[PDB]
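Read the single chain below, which is given as structure tokens and is the form deposited without the partner chain.
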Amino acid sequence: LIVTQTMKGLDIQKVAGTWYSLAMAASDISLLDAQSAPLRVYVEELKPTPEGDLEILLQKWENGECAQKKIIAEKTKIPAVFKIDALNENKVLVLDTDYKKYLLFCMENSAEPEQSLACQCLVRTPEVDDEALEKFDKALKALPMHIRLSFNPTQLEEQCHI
């Protein structure tokens, strides 16, 4: 089924700081496909609004350059589910976080997958944390994932992990 899991007691102020998209998966190969694929987003930093929203700073090569983006994940009465806003009010879900090393999150539509779902495994260091990746895969046995990208240290310290 669909993001059957979340974080109990998400101290959104403690996910503040810099993050490395260490790995990312999706329900549809086209999502993570090519380099320009829509949801091949590289998370730079999570900025929690004092009100309690979530400002995400991400990079995404659009026209031909590693472009830097910035979207705002607003708060809901569920502590660990945030909305973004487009023509299609997708939402962000934070599966799990130990606050210092890893943060597993997912972002979901509203209109079913197969159609839309993408989860990432964020680490704070540009290392390869096998155990974060184990918690990733564990958390995503449950899910309709069809593609799974994984990056290397060298790659992490580049823009759009080139």
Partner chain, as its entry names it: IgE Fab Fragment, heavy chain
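What we label the rigid core is the largest C-alpha set whose atoms superpose within 1.5 Å from one form to the other. Numbering follows the first chain given and starts at 1.
Separately, the form solved in complex with the partner chain exists; it is not shown, and the next lines address it.
The closest heavy atom approach of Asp53 to the partner chain in the deposited complex falls outside 4.5 Å.
Of the heavy atoms in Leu95, none are within 4.5 Å of the partner chain in the deposited complex. Although the partner is absent from this view, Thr49 stays clear of the partner chain in the deposited complex, with no non-hydrogen atom inside 4.5 angstroms.
In the deposited complex, at least one heavy atom of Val43 sits within 4.5 Å of the partner chain. Using a 4.5 Å cut-off on any heavy atom, the residues of 138-159 that reach the partner chain in the deposited complex are, in sequence order, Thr154, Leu156, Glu157, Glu158. Just a single entry of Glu134, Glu127, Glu112, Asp98 exceeds or equals a 2 Å CA shift between the shown form and the other one, which is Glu112 (rigid core superposed).
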